[PDB]
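Engineer: File upload30.cif follows (mmCIF, N, CA and C atoms and all ligand atoms):
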```cif
data_coords
loop_
_atom_site.label_atom_id
_atom_site.label_comp_id
_atom_site.auth_asym_id
_atom_site.auth_seq_id
_atom_site.Cartn_x
_atom_site.Cartn_y
_atom_site.Cartn_z
N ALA I 1 -11.33 -24.42 3.37
CA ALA I 1 -10.41 -24.47 4.49
C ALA I 1 -8.98 -24.19 4.04
N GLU I 2 -8.69 -24.49 2.78
CA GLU I 2 -7.36 -24.27 2.23
C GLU I 2 -7.19 -22.87 1.66
N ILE I 3 -8.29 -22.13 1.55
CA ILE I 3 -8.27 -20.79 1.00
C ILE I 3 -8.51 -19.68 2.02
N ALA I 4 -9.26 -20.00 3.07
CA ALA I 4 -9.59 -19.02 4.11
C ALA I 4 -8.40 -18.20 4.61
N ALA I 5 -7.24 -18.83 4.73
CA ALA I 5 -6.05 -18.13 5.22
C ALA I 5 -5.63 -16.96 4.33
N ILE I 6 -5.57 -17.19 3.02
CA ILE I 6 -5.17 -16.13 2.10
C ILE I 6 -6.32 -15.15 1.90
N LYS I 7 -7.53 -15.57 2.24
CA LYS I 7 -8.67 -14.68 2.10
C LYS I 7 -8.63 -13.66 3.22
N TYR I 8 -8.28 -14.14 4.42
CA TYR I 8 -8.23 -13.27 5.59
C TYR I 8 -7.15 -12.22 5.37
N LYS I 9 -6.00 -12.68 4.88
CA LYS I 9 -4.87 -11.80 4.62
C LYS I 9 -5.16 -10.78 3.53
N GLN I 10 -5.88 -11.19 2.49
CA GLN I 10 -6.20 -10.27 1.40
C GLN I 10 -7.13 -9.16 1.90
N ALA I 11 -8.10 -9.54 2.73
CA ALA I 11 -9.04 -8.58 3.29
C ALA I 11 -8.27 -7.57 4.13
N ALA I 12 -7.34 -8.08 4.94
CA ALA I 12 -6.52 -7.24 5.80
C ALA I 12 -5.68 -6.25 5.00
N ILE I 13 -5.06 -6.76 3.94
CA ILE I 13 -4.22 -5.93 3.09
C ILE I 13 -5.05 -4.86 2.38
N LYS I 14 -6.28 -5.21 2.03
CA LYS I 14 -7.17 -4.27 1.35
C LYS I 14 -7.47 -3.08 2.25
N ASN I 15 -7.68 -3.36 3.53
CA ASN I 15 -7.98 -2.31 4.50
C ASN I 15 -6.76 -1.42 4.72
N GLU I 16 -5.58 -2.04 4.75
CA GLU I 16 -4.34 -1.30 4.95
C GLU I 16 -4.13 -0.34 3.79
N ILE I 17 -4.35 -0.84 2.57
CA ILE I 17 -4.18 -0.04 1.36
C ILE I 17 -5.18 1.10 1.31
N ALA I 18 -6.41 0.84 1.74
CA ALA I 18 -7.45 1.86 1.74
C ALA I 18 -7.07 2.98 2.72
N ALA I 19 -6.52 2.59 3.87
CA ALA I 19 -6.12 3.56 4.88
C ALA I 19 -4.95 4.41 4.39
N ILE I 20 -4.01 3.79 3.69
CA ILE I 20 -2.86 4.52 3.17
C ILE I 20 -3.29 5.48 2.06
N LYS I 21 -4.21 5.04 1.21
CA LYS I 21 -4.68 5.89 0.13
C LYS I 21 -5.36 7.14 0.66
N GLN I 22 -6.12 7.00 1.74
CA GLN I 22 -6.80 8.15 2.33
C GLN I 22 -5.76 9.11 2.90
N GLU I 23 -4.73 8.56 3.52
CA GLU I 23 -3.67 9.37 4.10
C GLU I 23 -2.99 10.22 3.04
N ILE I 24 -2.62 9.60 1.93
CA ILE I 24 -1.97 10.31 0.84
C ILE I 24 -2.90 11.40 0.32
N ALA I 25 -4.17 11.06 0.15
CA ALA I 25 -5.16 12.01 -0.33
C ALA I 25 -5.17 13.26 0.55
N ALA I 26 -5.25 13.06 1.86
CA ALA I 26 -5.27 14.17 2.80
C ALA I 26 -3.97 14.95 2.72
N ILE I 27 -2.86 14.24 2.55
CA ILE I 27 -1.55 14.88 2.45
C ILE I 27 -1.51 15.78 1.21
N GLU I 28 -2.02 15.27 0.10
CA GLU I 28 -2.03 16.03 -1.15
C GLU I 28 -2.91 17.25 -1.00
N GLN I 29 -3.98 17.10 -0.23
CA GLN I 29 -4.92 18.19 0.02
C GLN I 29 -4.18 19.27 0.80
N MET I 30 -3.39 18.84 1.78
CA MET I 30 -2.62 19.75 2.60
C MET I 30 -1.65 20.52 1.72
N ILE I 31 -1.09 19.84 0.72
CA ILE I 31 -0.15 20.48 -0.19
C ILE I 31 -0.88 21.50 -1.06
N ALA I 32 -1.99 21.08 -1.66
CA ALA I 32 -2.78 21.95 -2.52
C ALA I 32 -3.34 23.12 -1.72
N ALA I 33 -3.44 22.95 -0.40
CA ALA I 33 -3.95 23.99 0.47
C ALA I 33 -2.91 25.10 0.61
N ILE I 34 -1.66 24.70 0.82
CA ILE I 34 -0.57 25.65 0.96
C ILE I 34 -0.44 26.51 -0.30
N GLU U 1 -0.43 -25.22 -5.07
CA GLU U 1 0.71 -24.41 -5.48
C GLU U 1 0.29 -22.96 -5.70
N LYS U 2 -0.87 -22.77 -6.32
CA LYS U 2 -1.38 -21.42 -6.58
C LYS U 2 -1.66 -20.71 -5.26
N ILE U 3 -2.19 -21.45 -4.29
CA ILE U 3 -2.50 -20.88 -2.98
C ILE U 3 -1.18 -20.47 -2.32
N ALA U 4 -0.17 -21.30 -2.49
CA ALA U 4 1.14 -21.04 -1.93
C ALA U 4 1.76 -19.81 -2.60
N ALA U 5 1.55 -19.69 -3.91
CA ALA U 5 2.08 -18.56 -4.67
C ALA U 5 1.44 -17.26 -4.19
N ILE U 6 0.14 -17.31 -3.92
CA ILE U 6 -0.58 -16.14 -3.44
C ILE U 6 -0.06 -15.77 -2.06
N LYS U 7 0.10 -16.78 -1.21
CA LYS U 7 0.59 -16.59 0.15
C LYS U 7 2.00 -16.00 0.18
N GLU U 8 2.84 -16.40 -0.77
CA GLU U 8 4.21 -15.88 -0.85
C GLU U 8 4.13 -14.41 -1.23
N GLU U 9 3.26 -14.10 -2.18
CA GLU U 9 3.09 -12.73 -2.64
C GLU U 9 2.54 -11.81 -1.55
N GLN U 10 1.71 -12.36 -0.67
CA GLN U 10 1.14 -11.56 0.40
C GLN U 10 2.22 -11.18 1.41
N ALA U 11 3.20 -12.06 1.59
CA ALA U 11 4.30 -11.79 2.52
C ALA U 11 5.07 -10.59 1.99
N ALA U 12 5.37 -10.62 0.69
CA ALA U 12 6.10 -9.53 0.05
C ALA U 12 5.31 -8.23 0.09
N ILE U 13 4.01 -8.32 -0.20
CA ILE U 13 3.14 -7.16 -0.19
C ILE U 13 3.07 -6.55 1.21
N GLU U 14 2.92 -7.39 2.22
CA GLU U 14 2.85 -6.90 3.60
C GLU U 14 4.17 -6.24 3.99
N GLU U 15 5.27 -6.76 3.45
CA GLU U 15 6.58 -6.19 3.74
C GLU U 15 6.65 -4.78 3.14
N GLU U 16 6.13 -4.64 1.93
CA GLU U 16 6.12 -3.35 1.24
C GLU U 16 5.23 -2.35 1.98
N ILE U 17 4.09 -2.83 2.46
CA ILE U 17 3.14 -1.99 3.17
C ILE U 17 3.72 -1.46 4.48
N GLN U 18 4.48 -2.28 5.19
CA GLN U 18 5.07 -1.83 6.44
C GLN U 18 6.11 -0.75 6.13
N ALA U 19 6.82 -0.91 5.02
CA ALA U 19 7.83 0.07 4.61
C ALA U 19 7.14 1.36 4.20
N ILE U 20 5.99 1.23 3.54
CA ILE U 20 5.23 2.38 3.10
C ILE U 20 4.68 3.14 4.31
N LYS U 21 4.26 2.39 5.32
CA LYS U 21 3.73 2.99 6.55
C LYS U 21 4.75 3.94 7.16
N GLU U 22 6.01 3.52 7.15
CA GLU U 22 7.10 4.32 7.70
C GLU U 22 7.40 5.52 6.82
N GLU U 23 7.25 5.34 5.51
CA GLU U 23 7.51 6.42 4.56
C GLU U 23 6.47 7.52 4.73
N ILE U 24 5.22 7.12 4.94
CA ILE U 24 4.13 8.08 5.12
C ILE U 24 4.36 8.87 6.40
N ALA U 25 4.76 8.17 7.46
CA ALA U 25 5.02 8.80 8.75
C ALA U 25 6.17 9.79 8.61
N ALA U 26 7.20 9.41 7.86
CA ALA U 26 8.35 10.27 7.64
C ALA U 26 7.93 11.52 6.89
N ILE U 27 7.06 11.35 5.90
CA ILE U 27 6.58 12.47 5.10
C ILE U 27 5.85 13.49 5.99
N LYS U 28 4.99 12.99 6.87
CA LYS U 28 4.24 13.85 7.77
C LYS U 28 5.16 14.57 8.75
N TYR U 29 6.19 13.87 9.22
CA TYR U 29 7.14 14.46 10.15
C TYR U 29 7.85 15.62 9.45
N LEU U 30 8.34 15.36 8.24
CA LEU U 30 9.05 16.37 7.47
C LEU U 30 8.19 17.57 7.10
N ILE U 31 6.94 17.32 6.72
CA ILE U 31 6.02 18.39 6.35
C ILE U 31 5.79 19.30 7.55
N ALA U 32 5.64 18.69 8.73
CA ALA U 32 5.41 19.44 9.95
C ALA U 32 6.64 20.26 10.35
N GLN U 33 7.82 19.67 10.18
CA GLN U 33 9.06 20.36 10.53
C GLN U 33 9.27 21.60 9.68
N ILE U 34 9.37 21.42 8.36
CA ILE U 34 9.58 22.55 7.46
C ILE U 34 8.29 23.34 7.30
N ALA R 1 -11.89 -21.27 -9.59
CA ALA R 1 -12.35 -19.93 -9.96
C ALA R 1 -12.16 -18.98 -8.79
N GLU R 2 -12.29 -19.52 -7.58
CA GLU R 2 -12.14 -18.74 -6.35
C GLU R 2 -10.69 -18.31 -6.19
N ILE R 3 -9.77 -19.22 -6.50
CA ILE R 3 -8.34 -18.95 -6.41
C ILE R 3 -7.94 -17.93 -7.47
N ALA R 4 -8.54 -18.04 -8.65
CA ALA R 4 -8.25 -17.13 -9.75
C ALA R 4 -8.74 -15.73 -9.41
N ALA R 5 -9.88 -15.66 -8.73
CA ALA R 5 -10.45 -14.37 -8.33
C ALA R 5 -9.53 -13.66 -7.34
N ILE R 6 -8.92 -14.44 -6.45
CA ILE R 6 -8.00 -13.89 -5.46
C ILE R 6 -6.73 -13.41 -6.16
N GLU R 7 -6.29 -14.18 -7.15
CA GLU R 7 -5.10 -13.80 -7.91
C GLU R 7 -5.35 -12.47 -8.61
N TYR R 8 -6.56 -12.32 -9.15
CA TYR R 8 -6.95 -11.11 -9.85
C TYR R 8 -6.94 -9.92 -8.90
N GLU R 9 -7.43 -10.15 -7.69
CA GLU R 9 -7.48 -9.10 -6.67
C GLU R 9 -6.08 -8.71 -6.21
N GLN R 10 -5.20 -9.70 -6.09
CA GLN R 10 -3.83 -9.44 -5.67
C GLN R 10 -3.12 -8.59 -6.72
N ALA R 11 -3.48 -8.79 -7.98
CA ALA R 11 -2.88 -8.02 -9.07
C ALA R 11 -3.27 -6.55 -8.93
N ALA R 12 -4.54 -6.31 -8.60
CA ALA R 12 -5.02 -4.94 -8.42
C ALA R 12 -4.31 -4.30 -7.24
N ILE R 13 -4.10 -5.09 -6.19
CA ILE R 13 -3.43 -4.61 -4.98
C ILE R 13 -1.99 -4.20 -5.30
N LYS R 14 -1.27 -5.04 -6.04
CA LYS R 14 0.12 -4.73 -6.40
C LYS R 14 0.15 -3.48 -7.26
N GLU R 15 -0.83 -3.36 -8.15
CA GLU R 15 -0.93 -2.21 -9.03
C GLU R 15 -1.15 -0.94 -8.19
N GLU R 16 -1.98 -1.06 -7.16
CA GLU R 16 -2.28 0.06 -6.27
C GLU R 16 -1.02 0.46 -5.51
N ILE R 17 -0.28 -0.53 -5.03
CA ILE R 17 0.94 -0.28 -4.28
C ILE R 17 1.95 0.48 -5.14
N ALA R 18 2.03 0.11 -6.42
CA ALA R 18 2.95 0.77 -7.34
C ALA R 18 2.57 2.25 -7.45
N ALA R 19 1.28 2.52 -7.55
CA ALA R 19 0.80 3.89 -7.64
C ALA R 19 1.15 4.66 -6.37
N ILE R 20 1.03 3.98 -5.23
CA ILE R 20 1.34 4.58 -3.93
C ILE R 20 2.81 4.96 -3.89
N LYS R 21 3.66 4.03 -4.32
CA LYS R 21 5.10 4.27 -4.33
C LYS R 21 5.42 5.49 -5.18
N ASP R 22 4.71 5.65 -6.29
CA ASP R 22 4.93 6.78 -7.18
C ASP R 22 4.54 8.08 -6.48
N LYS R 23 3.43 8.04 -5.75
CA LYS R 23 2.95 9.21 -5.03
C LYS R 23 3.94 9.60 -3.95
N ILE R 24 4.49 8.61 -3.25
CA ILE R 24 5.45 8.88 -2.20
C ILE R 24 6.70 9.54 -2.77
N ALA R 25 7.15 9.08 -3.93
CA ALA R 25 8.33 9.66 -4.57
C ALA R 25 8.05 11.11 -4.99
N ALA R 26 6.86 11.35 -5.53
CA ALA R 26 6.50 12.70 -5.96
C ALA R 26 6.39 13.64 -4.76
N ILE R 27 5.81 13.15 -3.67
CA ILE R 27 5.67 13.97 -2.47
C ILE R 27 7.04 14.29 -1.88
N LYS R 28 7.96 13.34 -1.98
CA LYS R 28 9.31 13.54 -1.45
C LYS R 28 10.02 14.63 -2.25
N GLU R 29 9.69 14.75 -3.53
CA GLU R 29 10.31 15.77 -4.37
C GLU R 29 9.84 17.14 -3.89
N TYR R 30 8.57 17.22 -3.50
CA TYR R 30 7.99 18.45 -3.00
C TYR R 30 8.69 18.86 -1.70
N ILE R 31 8.93 17.88 -0.84
CA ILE R 31 9.60 18.12 0.44
C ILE R 31 11.04 18.57 0.17
N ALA R 32 11.67 17.95 -0.82
CA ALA R 32 13.04 18.29 -1.17
C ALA R 32 13.12 19.73 -1.67
N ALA R 33 12.07 20.19 -2.34
CA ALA R 33 12.05 21.54 -2.88
C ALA R 33 11.91 22.58 -1.78
N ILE R 34 11.11 22.27 -0.77
CA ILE R 34 10.88 23.19 0.34
C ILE R 34 11.95 23.06 1.42
CL CL Y 101 -3.34 -10.27 -1.51
#
```
Represent the structure of the file as structure tokens.
Ligand SMILES: [Cl-]

Structural biologist:
Amino acid sequence: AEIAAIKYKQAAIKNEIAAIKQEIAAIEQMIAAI
Amino acid sequence: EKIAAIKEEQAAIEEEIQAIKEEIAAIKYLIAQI
Amino acid sequence: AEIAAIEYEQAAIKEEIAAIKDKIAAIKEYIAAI
């Protein structure tokens, strides 16, 4: 009960980071495409 | 205390992520413009 | 051990964010060039 809060937040942050990493990847692809 | 330390770090991390979100958006705007 | 595992994960997250920041700076250089 004392850990669930930071666990929820860590999971959330992990998803945010995964989404940002994919974005950068696509951006780099766009660059390599040009 | 360790849980509190993690929670403090998550606040900072989330702050960085929101700033990164705007940076990514700015990058896409600029790439589209030029 | 559960708290330590979260600390370990947070370290990876911060490390990832640093890499992201580096990518954003590099991409900005590309934009600056064009
Ligand atoms: Cl975290």

Engineer: Quick one: pull the distance between atom CA of residue R:31 and atom CA of residue U:31, Å, one decimal.

Structural biologist: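 Interatomic distance here is 6.9 Å.
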
Engineer: Counting only N, CA and C atoms, collect the residues of chain I whose closest atom lies at most 8 Å from chain U, and write them out as JSON, numbers by chain.

Structural biologist: {"I": [2, 3, 5, 6, 9, 10, 13, 16, 17, 20, 23, 24, 27]}

Engineer: For ligand CL 101 (chain Y), which residue among R:6, R:19, R:27, R:32 is the nearest when counting all atoms listed in the file?

Structural biologist: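 Residue with the minimum atom-to-atom distance to ligand CL 101 (chain Y): R:6.
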
Engineer: If I take atom CA of residue I:26 and atom CA of residue I:8, how far is one from the other in Å, to one decimal?

Structural biologist: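 Atom-to-atom, atom CA of residue I:26 to atom CA of residue I:8, that is 27.7 Å.
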
Engineer: Counting only C-alpha atoms, which residue out of R:8, R:18, R:13, R:33 sits closest to chain I?

Structural biologist: R:13

Engineer: What are the residues of chain R lining chain I at 9 Å or less? Count only C-alpha atoms, and put the answer as a PDB file with N, CA and C atoms, keeping the file's coordinate frame.

Structural biologist:
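Written out: out-v5.pdb:
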```
ATOM      1  N   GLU R   2     -12.290 -19.520  -7.580  1.00  0.00           N
ATOM      2  CA  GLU R   2     -12.140 -18.740  -6.350  1.00  0.00           C
ATOM      3  C   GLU R   2     -10.690 -18.310  -6.190  1.00  0.00           C
ATOM      4  N   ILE R   3      -9.770 -19.220  -6.500  1.00  0.00           N
ATOM      5  CA  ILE R   3      -8.340 -18.950  -6.410  1.00  0.00           C
ATOM      6  C   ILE R   3      -7.940 -17.930  -7.470  1.00  0.00           C
ATOM      7  N   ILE R   6      -8.920 -14.440  -6.450  1.00  0.00           N
ATOM      8  CA  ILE R   6      -8.000 -13.890  -5.460  1.00  0.00           C
ATOM      9  C   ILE R   6      -6.730 -13.410  -6.160  1.00  0.00           C
ATOM     10  N   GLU R   9      -7.430 -10.150  -7.690  1.00  0.00           N
ATOM     11  CA  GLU R   9      -7.480  -9.100  -6.670  1.00  0.00           C
ATOM     12  C   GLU R   9      -6.080  -8.710  -6.210  1.00  0.00           C
ATOM     13  N   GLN R  10      -5.200  -9.700  -6.090  1.00  0.00           N
ATOM     14  CA  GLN R  10      -3.830  -9.440  -5.670  1.00  0.00           C
ATOM     15  C   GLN R  10      -3.120  -8.590  -6.720  1.00  0.00           C
ATOM     16  N   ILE R  13      -4.100  -5.090  -6.190  1.00  0.00           N
ATOM     17  CA  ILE R  13      -3.430  -4.610  -4.980  1.00  0.00           C
ATOM     18  C   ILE R  13      -1.990  -4.200  -5.300  1.00  0.00           C
ATOM     19  N   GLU R  16      -1.980  -1.060  -7.160  1.00  0.00           N
ATOM     20  CA  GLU R  16      -2.280   0.060  -6.270  1.00  0.00           C
ATOM     21  C   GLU R  16      -1.020   0.460  -5.510  1.00  0.00           C
ATOM     22  N   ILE R  17      -0.280  -0.530  -5.030  1.00  0.00           N
ATOM     23  CA  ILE R  17       0.940  -0.280  -4.280  1.00  0.00           C
ATOM     24  C   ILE R  17       1.950   0.480  -5.140  1.00  0.00           C
ATOM     25  N   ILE R  20       1.030   3.980  -5.230  1.00  0.00           N
ATOM     26  CA  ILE R  20       1.340   4.580  -3.930  1.00  0.00           C
ATOM     27  C   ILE R  20       2.810   4.960  -3.890  1.00  0.00           C
ATOM     28  N   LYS R  23       3.430   8.040  -5.750  1.00  0.00           N
ATOM     29  CA  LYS R  23       2.950   9.210  -5.030  1.00  0.00           C
ATOM     30  C   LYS R  23       3.940   9.600  -3.950  1.00  0.00           C
ATOM     31  N   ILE R  24       4.490   8.610  -3.250  1.00  0.00           N
ATOM     32  CA  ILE R  24       5.450   8.880  -2.200  1.00  0.00           C
ATOM     33  C   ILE R  24       6.700   9.540  -2.770  1.00  0.00           C
ATOM     34  N   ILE R  27       5.810  13.150  -3.670  1.00  0.00           N
ATOM     35  CA  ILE R  27       5.670  13.970  -2.470  1.00  0.00           C
ATOM     36  C   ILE R  27       7.040  14.290  -1.880  1.00  0.00           C
ATOM     37  N   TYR R  30       8.570  17.220  -3.500  1.00  0.00           N
ATOM     38  CA  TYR R  30       7.990  18.450  -3.000  1.00  0.00           C
ATOM     39  C   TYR R  30       8.690  18.860  -1.700  1.00  0.00           C
TER      40      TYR R  30
END
```

Engineer: Rounded to one decimal in Å, what is the spacing between atom N of residue I:34 and atom N of residue U:33?

Structural biologist: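 Separation of atom N of residue I:34 and atom N of residue U:33: 14.2 Å.
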
Engineer: Which residue is closest to chain U? Choose from R:26, R:7, R:12, R:1 and count only N, CA and C atoms.

Structural biologist: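 That would be R:7, the residue with the smallest distance to chain U.
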
Engineer: Between U:22, U:9, U:34, U:16, single out the one closest to ligand CL 101 (chain Y), counting only N, CA and C atoms and all ligand atoms.

Structural biologist: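 The closest residue to ligand CL 101 (chain Y) is U:9.
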